[PDB]
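Taking it in order: structure first as structure tokens, then the write-up.
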Number of protein chains: 2
Amino acid sequence: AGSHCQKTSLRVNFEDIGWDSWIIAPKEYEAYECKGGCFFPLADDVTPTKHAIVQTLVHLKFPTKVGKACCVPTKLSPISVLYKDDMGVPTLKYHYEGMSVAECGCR
Amino acid sequence: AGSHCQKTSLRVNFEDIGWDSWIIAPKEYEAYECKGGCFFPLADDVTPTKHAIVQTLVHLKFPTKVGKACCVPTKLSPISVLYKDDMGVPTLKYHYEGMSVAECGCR
């Protein structure tokens, strides 16, 4: 199937999320999103752990008692932001970690 | 709030999931499950990445276009299983990795 767990675009405006109080720049960045579902047969590039597999199997058997595996970011990349310091000096954070999806997987 | 992302019990029977074809023992093990939700204010022991935070914020603003952060296992533990080899010899896998939840978090 072609509707499995995968990286798709998500452009994030810092004002929308209340972060423009401390981020001067940029206005928007490409965060990613991980979209789709984790069901058998698994999409090939989704990594999965043995727990995710077992959980997906248990969820088929008891769909009302046990959740499914979740499609989530499993590796993240940094971006750079311009924020303000104590004297109000615009300052660059070169690698602000965990901001964009590098990889998605079932977990 | 007390309904946030956390480790709860999940006992898994290998027959239920079709794994008893290759696992002699045990019949059942404690896999865990990660239950609850990822919403603000975040539960304290949930780790979260900056992406999970940004995504949760974007989901509040656009709940129909963007998913929430997911409560998932973020660290896994091994267990031991007894399986069968080529001559049909019962063989012990001492650390079969990724079988039980050690930690949960929002991702």
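About the Cα centre, and with charges only on the beta carbon of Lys, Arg (+1) and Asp, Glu (-1), how big is the dipole of chain B? Nearest 20 debye, please.
680
Report, as an integer, the average count of C-beta atoms from other chains found within 10 Å of each Cβ along B:52-65.
Counting Cβ atoms of other protein chains within 10 Å of each residue's Cβ and averaging gives 4.
Which distances in nm, rounded to one decimal and ordered from shortest, link the label point of B:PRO78 to the equivalent label points in the other identical copies, with labels set 7 Å from Cα toward Cβ?
For B:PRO78, the other copies' label points sit at 3.4 nm, shortest first.
Ranking request for peptides B:10-16, A:53-59: highest mean number of other beta-carbon atoms within 10 Å first, then the rest in descending order.
A:53-59, B:10-16
Which Cα, out of B:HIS95, B:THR74, B:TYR29, lies furthest along the positive dipole direction of chain B (beta carbon charges, K/R +1, D/E -1)?
B:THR74
Run the label-point distances for B:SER21 please: 7 Å along Cα to Cβ, every other copy, nanometres, shortest first.
5.6
Distance between Cα centroids, segment A:31-107 to segment B:38-107: provide it in whole Å.
10
Which residue is it, in chain B, that holds its beta carbon closest to the axis of the B-onto-A rotation, and how many whole angstrom away?
Spelled out, residue of B and its Cβ distance from the axis onto A: B:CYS70, 2.
Taking a 29 Å limit on the Cα-Cα distance, which of the listed pairs A:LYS50/B:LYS61; A:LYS84/B:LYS65; A:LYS68/B:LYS61; A:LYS27/B:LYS7; A:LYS93/B:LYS35 fall beyond it?
Over 29 Å Cα-Cα: A:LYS50/B:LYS61; A:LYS84/B:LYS65; A:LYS27/B:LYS7; A:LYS93/B:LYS35.
Remind me, relative contact order of chain B in percent, using alpha carbon pairs under 8 angstrom and six or more residues apart?
Once divided by the residue count of chain B, the mean separation gives 32 percent.
Subtracting the Cα-Cα distance from 0.36 nm times the residue separation, let me have the gained length for A:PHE62 to A:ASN13 in nm, one decimal.
13.7 nm
None of the figures in this text is laboratory data; all of them are computed from the coordinates on show. For neighbour counting, all protein chains shown are included, and Cβ atoms are generated from backbone atoms with ideal geometry for every residue, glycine included.
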